[PDB]
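Novice: Numbering (my numbering), first residue to last: 13 to 270. Backbone N, C-alpha and C fix where the C-beta goes; we use that ideal spot for every residue, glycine too. Structure below; questions to follow.
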Ligand SMILES: [Zn+2]
């Protein structure tokens, strides 16, 4: 049946429906900090999120997405390794059943409890659907979560999750400010990669921040109460919705910092 994260439809099966799964620039990857190359020509990231307009939160059956109005340049990413302007369309998380796993990227094989993806699309292609067909169509900002102190800016998200427990449920979610999810430093690693869920298209410039944010055990536990299934179907807890690291092959990871 349809792809997911279970024993019979999980990531090791995806290649049968999506051959790209075995492509040359698949994500995630392990970040080896000692062979990443410092690139002095990388510019600082420019995050302009002050005009962001969140609309809705949705359980799509494999994560929950917070969606933004992307019909104007209100929340944009630029700079770093990017050419041009990338509009924020949604963010989502990947997380584990235990605090020792959950991130998709790893750093010297270390796994984090969760990983936040802020997904942006290159405005020169007009809409998200065109952008995913281009090698420079998407920019995804990846932020690691470790378990520690609570993150106050995350609690608005945590409190609404009971309203979208099952697949297909959505809820109005206005006036959410993503600036509250960013770490203090914007130092990053970057490499060319793919979406980490089907259709696994190789259209992403990955920008992975060095500094994790901390969240409390109580906040991550509420992620684990969501459901893969629809209402009225047997209950399958939404945990371990992460793809394992893929071969780096002919790629260089660059770092903005030494
Ligand atoms: Zn993701």
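1. With respect to the alpha helix (DSSP H) encompassing residue 171, which residues constitute its N-terminal and C-terminal limits?
2. What separation, rounded to the nearest whole angstrom, lies between the Cα atoms of residue 98 and residue 39?
3. Please look up how many angstroms separate the CB atoms of residue 240 and residue 73, rounded, as I've assumed it's under 8 Å.
4. Between 85, 69, 84, 86, which lies nearest to residue 78 when the distance is taken from Cα to Cα?
5. Using the Cβ count rule (16 or more neighbours within 10 Å means buried), how would you classify residue 269?
6. With a threshold of 6 Å (Cβ to nearest heavy atom), would residue 97 be considered close to ligand 1?
7. Output the boundary residues of the beta strand (DSSP E) element that contains residue 102.
8. Could you say which of 198, 249, 233 lies nearest to residue 60 if we only look at CA atoms?
9. Run through DSSP, which three-state label would residue 132 get?
10. Going by beta carbon distance, what residues of the same chain come within less than 7 Å of residue 238, once the five residues before and after it are set aside?
11. Between which two residues does the beta strand (DSSP E) containing residue 205 stretch?
12. How many angstroms separate the CA atom of residue 159 from the CA atom of residue 91?
Specialist: Once the coordinates are examined:
1. 167 to 172
2. 20 Å
3. Between residue 73 and residue 240 the Cβ distance is about 6 Å, and since that is below 8 Å, they are a contact.
4. 69
5. exposed
6. no
7. 98 to 107
8. 198
9. strand
10. Hits under 7 Å: 71, 76, 173, 177, 250.
11. 200 to 205
12. 30 Å
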